[PDB]
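Novice: Sequence, then structure. It's an experimental one.
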Amino acid sequence: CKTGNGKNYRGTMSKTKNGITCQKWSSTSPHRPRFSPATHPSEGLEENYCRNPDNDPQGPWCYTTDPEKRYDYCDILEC
């Protein structure tokens, strides 16, 4: 769920919680969030990421290019 908190990982490639193909942060269009800058609890939301710049005491989240499967954590090592 986090080999630290913004340093080491693997599932961040772009695979939600288990392996749900994530997105690229293309914001709404057709579906995707716009929170991808650096300054929050951390950074990583780049081209398609999974980290915790959103503040979620559990796992690294990320959304996908689709609403039904809009999001979840990520199959990143450590868990």
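Specialist: Sure thing, it's come through. Residues are numbered from 1 along each chain as shown.

Novice: Now do the strands in this structure.
Specialist: 15-16, 20-21, 62-63, 71-72 (DSSP state E).

Novice: right, and these - which one's nearest residue 38?
Specialist: Residue 38 lies closest to strand 62-63 among the strands of the chain, at 15.6 Å (Cβ to Cβ). No exception for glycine: its C-beta is placed from N, CA and C like everyone else's.

Novice: What strands flank the closest one, and is each parallel or antiparallel?
Specialist: Strand 62-63 has its sheet partners listed here by DSSP bridges as strand 71-72 (antiparallel).

Novice: Show me how far the partner strand is from its chain's centre.
Specialist: 8 Å (Cα atoms, centre = their mean, to the nearest Å).

Novice: Other residues contacting it?
Specialist: 16, 17, 18, 20, 61, 62, 63, 64 (Cβ atoms under 8 Å, 6 or more residues apart in numbering).

Novice: By neighbours, which of the residues you listed wins?
Specialist: Tallying neighbours with other Cβ atoms under 10 Å puts residue 62 at the head of the contacts of strand 71-72, with 30 neighbours.
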